[PDB]
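Next comes just one chain, in structure tokens: the form deposited in one PDB entry.
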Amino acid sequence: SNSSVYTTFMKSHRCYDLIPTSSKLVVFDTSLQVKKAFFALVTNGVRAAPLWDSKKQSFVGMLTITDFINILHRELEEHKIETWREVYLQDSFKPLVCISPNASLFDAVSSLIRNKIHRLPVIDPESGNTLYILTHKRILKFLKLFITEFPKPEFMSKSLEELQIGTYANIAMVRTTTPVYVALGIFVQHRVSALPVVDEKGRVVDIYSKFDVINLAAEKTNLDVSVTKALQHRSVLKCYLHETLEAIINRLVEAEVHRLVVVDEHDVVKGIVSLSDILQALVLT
């Protein structure tokens, strides 16, 4: 099963396998104020945290950048995570998705993909404890350690166009002139992590992310400002269709970045390949 090797490898291992020997887990009570939770996230240096509801005596989901994006899109910080989740009836409509330590990595990848989420809490059925938080990135690194170290399938050599991996239609992008609030709206509208920034020609010049929006807002100074000006407040990776899938992967993992902009010789944007596109290609397929 050389051409299905990766699938086999992932079905062979458990989520328990990529949990660190010693790890730290930050947990919020849903009664926590969004502002304080936000600052708790920063001081700990994490982008998301599992949510524990005291009334329900249960983990009810995750607090992610997207949740902030939605919030900002509508006192935001005074109200409890509860109140905000209730406004969207989040517990009922997008209920917690969790996975067991003994479940396979393949199941984890599949779950992440089909549920369109990036965080997958590893919970022990026996104690109900959350042990770890799975992500595409962590799973990919694990797969990568295997990829580099054992004979590769022939398709790993195949180019991107050749393999048809990535998204090449309805790409969500922004122009340098585009106001930040406009970008805000399109984030919520397209459910996408980052937006390529393009000039009048359409060439890619920068990438704008949900975190940029949140950074700008935390600054409390107006959303009306364009995309490049906001980008000046800070502190691009692309690929070509002719490049090999293996080379694309290395690039992703090396720079610990989440996706590449696929572009023309002139840098006009053709497509986008993200970690999930990679995982589904290798593992789920």
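Numbers for residues come from their place in the sequence shown, where the first is 1. Rigid core here is just the name for the largest C-alpha set that superposes within 1.5 Å across the two forms.
Another form exists, deposited in another entry; not displayed. Remarks below refer to it.
Visitor: After superposing the two forms on their rigid core, pick out the one entry in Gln189, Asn115, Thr148, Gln164 with a CA shift of 2 Å or more between the shown form and the other one.
Guide: By this measure, the answer is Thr148.
Visitor: Determine whether the C-alpha of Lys24 shifts by 2 Å or more between the shown form and the other one once the rigid core is superposed.
Guide: Superposed on the core, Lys24 moves its C-alpha 2 Å or more between the shown form and the other one.
Visitor: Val213: after superposing the rigid core, is there a C-alpha shift of 2 Å or more between the shown form and the other one?
Guide: Yes; that C-alpha moves by at least 2 Å between the shown form and the other one.
Visitor: Core-aligned, does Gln57 move its Cα 2 Å or more between the shown form and the other one?
Guide: No, its C-alpha moves less than 2 Å.
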